[PDB]
Structure formats: C-alpha cells, structure tokens
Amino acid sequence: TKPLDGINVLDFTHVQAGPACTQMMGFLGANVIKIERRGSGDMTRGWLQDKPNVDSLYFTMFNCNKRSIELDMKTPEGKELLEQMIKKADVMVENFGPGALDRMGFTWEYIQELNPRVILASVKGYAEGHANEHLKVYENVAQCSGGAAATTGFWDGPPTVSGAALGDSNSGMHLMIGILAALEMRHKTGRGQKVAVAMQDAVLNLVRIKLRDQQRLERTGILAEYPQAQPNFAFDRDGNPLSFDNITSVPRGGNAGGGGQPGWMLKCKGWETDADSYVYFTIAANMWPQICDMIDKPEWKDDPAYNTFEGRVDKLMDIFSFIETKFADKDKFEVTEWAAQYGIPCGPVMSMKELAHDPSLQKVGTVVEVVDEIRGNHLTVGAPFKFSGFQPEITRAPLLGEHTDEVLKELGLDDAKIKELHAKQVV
C-alpha cells in the first residue's frame, strides 16, 4: 500500500531541512514522532504567524503527518525515555548542530549499541571533514556556499538568492534519498547506518551544471551560450564591457538557459503592471525554422548568420529583443498557446497566486487542501512523486505535545507512571 508503512521515525528536527524530510517520509506512510522542546517546541510554530498563538503556516506546511511530544533532553529521565524510543525506531533524523546530539550523550556508537538496526540521518551545514565542519547554517548562507548565489542573477548585479529552498527543503529531499538508501542496504545486512547530508553539498549537486561551465571556461575561455558571449551586450554598473576575455569564474547570466537550450525571459502585455507577465522563450537549435515562421522571418531560415547556434552567438540577445516585440499585445497564456502551435518550448511565469488556486495542481494532488478543524484548512504542497498504486493521505500538523500521553502509553508505561513525568516536567 504505502512505501513506508511500519517505518517508525524519531524526528528531532526543526525549521525546514529536517522537517521537510520527515514530512515527506510521513506522506509515504511512515510513522513520524516529532520530539519537541517542552513549552517552546519547533521554533517554526511562532514564526511569522498569520494569527496570534496559532501555529504559523511555516510550521503546518512542514509538519503534517506527524505526532508531537514534549521532552526535555537535558534531563536524565529525558535521556532514558529516548532509549525506550530509539529501541522502537527504524530511523532517527536531526539537524541541531555539528555535535549537539553528541553532547547530549547519544553518539552514533551508543545508538548502534541500543538498536543495531536503527539508521541515523542528519543534515549539516558542511560535510564532516570540512573546514567549516562547525558552523550553524541557514537557507541563504547555504545557497552562497554552494555556488547558487554566485551564478544566479545579473552580471551587473549582486549574487542573488533563489526563492526556492535550495539549502533547506533541497537538503531535506537529499537526506530522504540517503535514508531510503540506508533502508535498502539494511535489507541486505540487517544493520543500520549513519547517513548525512551537508546543505552546501545538496546545493552543489543542483549546481552541477555550473561546475560543467567552470571547466568549459577554464579549458576554452568562453561560454558561448551566455549573454556575455555576444560582443558589446553586457556591461557592469560603470559601463565597462563584459566579455569572456576577462571572465575566469562562471558569471551570472541573467535569464539564460542554464542546462536547457538557449532561452530568455520575455515581457508580455502588461509587464509594467503585472510583475509576472512574462514567458520563458527557448530557442532550441532543432527549431529555428519554426521560430522563423512564428515571427514572420523567412529570410532568416537560410541565412548562415541566423540558422545555427554558432551563428547566433553574436546576436542572440538582439533576436530575443525582436521576438519579445511580437508579444507586446498578448498575455502570458496567449503567447504560450501561440508558441505551442509551433511546438516551441515556451511557458508563462506562474505567480504564487495563480499556483495556489490552479485547478490542475489540485486535481493531481500537488497543491493539497489540508483539513485542519483546529487552525482552519490551509493549502500545502503534496507529494511530487505520483504512484500507480499509492495515494498520499495528508493530515493536519500536531499541536505542541498533542500526543505526548498517547505516545508514552504506546511505549508501555501507564497512567500513574506518566503523571509523574508531567509533574517532574520531563514531559
């Protein structure tokens, strides 16, 4: 039925990286128990709340399909409770810090000794053995360390962070691959393992394409598909011309194609008003003829100066400039449709508002409405992977310690035993 039914997960994570990971596992049928700080809880609960004292959307959108229990781990009894839980867990996940978990006394060594089958998964800022093996890291810093910032934005501008969670959720998804990889291994050894993912590494993996460019640039001195390859097109804030004669590290290429064919972000009707009135237009080599037909430029079909990638290198930006001219009186969708008739890869820039109420995404289960009778329903992103014989069942995020009792019981303890922990405040 569900990929991870019967997999018990001890979630010590907070914020985004770890939470995203365990939430996805939970979507695949895993039993996720989130161990939070007594009284405070995951710091995302009171982060940018849309309504006072109600768990914020930051928390609910990253902690669905999870149960919560409040436990003070800097406590002797708190550390014992873990042992009862670690012995029942299939996998433990945590962020905290380089050695936050270690200082609590639960080291990889002690854990294996407690449960030879358990898997320990962690998200770090930098890989163990890295000069910055100690630093605390947040989203944007990871983007900077991984090469995404340096290669995102414009040549006449500063390194730009991406709206997408390249360092956080991306790290989470990568950690998921590690955990599942561990699970597949265990089937062959009946022995658990420790898996770790550094945010810098998760970012570098998505920036693979740029490491390709750095080498091409070192070997040839030029990146022909970049705007800077066009003579006198790009300039710095002081008007100095930018060419590859002086570029030694992969530059920002604005809205150039990256790993796709050459492309550019083109304005559409109303761009002055609607910040998202644009389409991404691609000029694939195998499709020049079609482009020429669409823009009424038959003379360009046979012109050696226009019919090959190499020939377009010195005028590509002028061509996009002209193409853009044909979209002046059309909206994103009209342009997207018009291009579709020609089979040209063209897509509109979708605004969050549009994405949130899009029929398609809700129909396929990517944008899901979570039934939350306590905080009120809210939208969330479902499972990006669709299966032929499995449908995720997404349920609301837990209230702080909502299942502390429910859990302590499942362990075996009883009413009286529990009550003591509540008093001593170990729970």
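For every residue, the number given is its place in the sequence shown, counted from 1.
*Asks:* With reference to the PDB entry, specify whether the mean Cα temperature factor is higher for 294-302 or for 124-132.
*Replies:* The entry gives the higher C-alpha B-factor average to 124-132.
*Asks:* Check the entry's C-alpha temperature factors for 149-157 and 188-196, then say which stretch has the higher mean.
*Replies:* According to the PDB entry, the answer is 188-196.
*Asks:* Checking the entry, which one of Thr282, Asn115, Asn170, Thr336 has the top C-alpha B factor?
*Replies:* In this record, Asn115 carries the highest C-alpha B-factor of the candidates.
*Asks:* Going by the deposited entry, which of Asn95, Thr248, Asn205, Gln228 has the highest CA temperature factor?
*Replies:* Answer, based on the entry's C-alpha B-factors: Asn95.
*Asks:* Hey, what third does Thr366 fall into on Cα B-factor, ranked over its chain?
*Replies:* Tercile = middle for this residue's CA B-factor.
*Asks:* Can you tell me whether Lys267 has a C-alpha B-factor in the lowest, middle or highest third compared with the other modelled residues of the same chain?
*Replies:* Bottom third by C-alpha B-factor.
*Asks:* Among the modelled residues of this chain, does the Cα B factor of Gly382 put it in the lowest, middle or highest third?
*Replies:* It falls in the bottom third of the chain.
*Asks:* Classify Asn240 as lowest, middle or highest third according to the C-alpha B-factor given in the PDB entry, relative to its own chain.
*Replies:* Bottom third by C-alpha B-factor.
*Asks:* For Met352, does the deposited CA B-factor place it in the lowest, middle or highest third of the chain?
*Replies:* Middle third.
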